[PDB]
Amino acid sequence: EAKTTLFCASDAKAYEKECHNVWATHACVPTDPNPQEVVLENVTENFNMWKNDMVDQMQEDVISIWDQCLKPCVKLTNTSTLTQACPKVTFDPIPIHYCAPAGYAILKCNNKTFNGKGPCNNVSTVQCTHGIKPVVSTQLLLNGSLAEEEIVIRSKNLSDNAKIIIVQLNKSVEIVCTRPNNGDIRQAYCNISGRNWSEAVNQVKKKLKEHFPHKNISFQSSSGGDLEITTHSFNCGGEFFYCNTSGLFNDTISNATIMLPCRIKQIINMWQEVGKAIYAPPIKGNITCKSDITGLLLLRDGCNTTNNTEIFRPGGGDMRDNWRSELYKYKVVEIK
C-alpha cells in the first residue's frame, strides 16, 4: 500500500544483438537465481488491478524499449515533427521480472479465480514478479500467462459498458501469422485452428453468461475506430501486422482452419502517445510469428437488448490493459 521505484531483471545476454536484450542488459539487473516466496498464513488483502502504479511503470518501461527498438523514420504529433534514421533490428520480446527495492515487497494473490479487484485470501510475498513479455497487441492478448483453473473475467465494472473487459483463458490457442516471399510484400496471413478457437469462444461465452444469465452471448466485430483496434494489430520481427479478425469474433466459427488476411503497415497510430509513426518498408524474406493467444480484450454493447442477446466486440488500444492482464495479481507494499 505504497509507491516506490521498481527495477527490472531479465535473462538478457550482453552479446545478444536482439534489441530487447540490448535494452535489458543496460536497464535491468540479472534474474535473482533464488526467488523467495513467503506465503503469509491466514491473511486477506485488497487488490485493485485497475489502480496499480506497477502498470504505469511497465508502460514507461515498454515505451523506452520501443524508443530504442522501433525508432520510426518519421514521428508526427500535435506539436512536433521528428525525422531520423530508422534502421531495422532483430525484434523478439523477452520476459521481464519487476522487482521492489529494499524496504518494499510485492504481494501476490494466489487465488486462482481472483478477478483482480477485491479481497484475496491466498496471499504471499515475493521480491519480483514472474517473467512478463512486453507484447504490444490489440484484440488478442499473446504470449501471456494462462488461468490456472478456469476462464477469468476482469472489469473495473461489468455493468459499465465503457469499461474494457479482460478475459484470461485457461488454455491457449495457437495463431501462426506469416508474410512469405520468393508480388505484394505487404500481404500476410494468419492461420488458426477453428475447432480450438470455437471451443475457447464457447467456454468464454459460458463464463460471460454466468454474469448475464438468461441472455444469448454473441461475438461480433469491432464497431469502429482506428485500424489498430478494428484489427488484431501486433509487431512481429519488427514489422507491424494488422490482421482482420472478422472470422474469429463470430457466431458461425468454422470447425476447420481459419485464415485471416493481414496487412503489414508503415504508418501507425502510436499507443505511447497521440501521434503517428512512419517506419520503412518491410524486410524481405519469410516473416513468421507462432504466438499463444492467452487472453482477450472485449467491450459489451450498451443499452437494453430487444432480442435477448449481449454483444461483445474486440477492443484494446490502451496497452496499460495488456500490462494489467499480467499484473492483476501483484501489489507493491511497504514493509511497515
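For every residue, the number given is its place in the sequence shown, counted from 1.
- According to the PDB entry, the deposited sequence contains 4 to 9 residues between residue 182 and residue 183 that lack coordinates.
- When the mean C-alpha temperature factors of 248-256 and 69-77 are read from the deposited coordinates, 248-256 comes out higher.
- With 164-172 and 196-204 compared on mean CA B-factor from the PDB entry, the stretch scoring higher is 196-204.
- Highest CA B-factor among the listed residues (223, 155, 216, 139): 216.
- Among 64, 31, 291, 272, the highest C-alpha B-factor in the deposited entry belongs to 31.
- Remark: residue 264 belongs to the lowest third of its chain, ranked by C-alpha B-factor as recorded.
- In the PDB entry, a CA B factor belonging to the lowest third of its chain's modelled residues is recorded for residue 48.
- The deposited CA B-factor of residue 22 belongs to the middle third of values across its chain.
- Split the chain's modelled residues into thirds by C-alpha temperature factor. Residue 229 is in the lowest one.
- Per the deposited record, the Cα B-factor of residue 238 falls in the lowest third when ranked against the other modelled residues of its chain.
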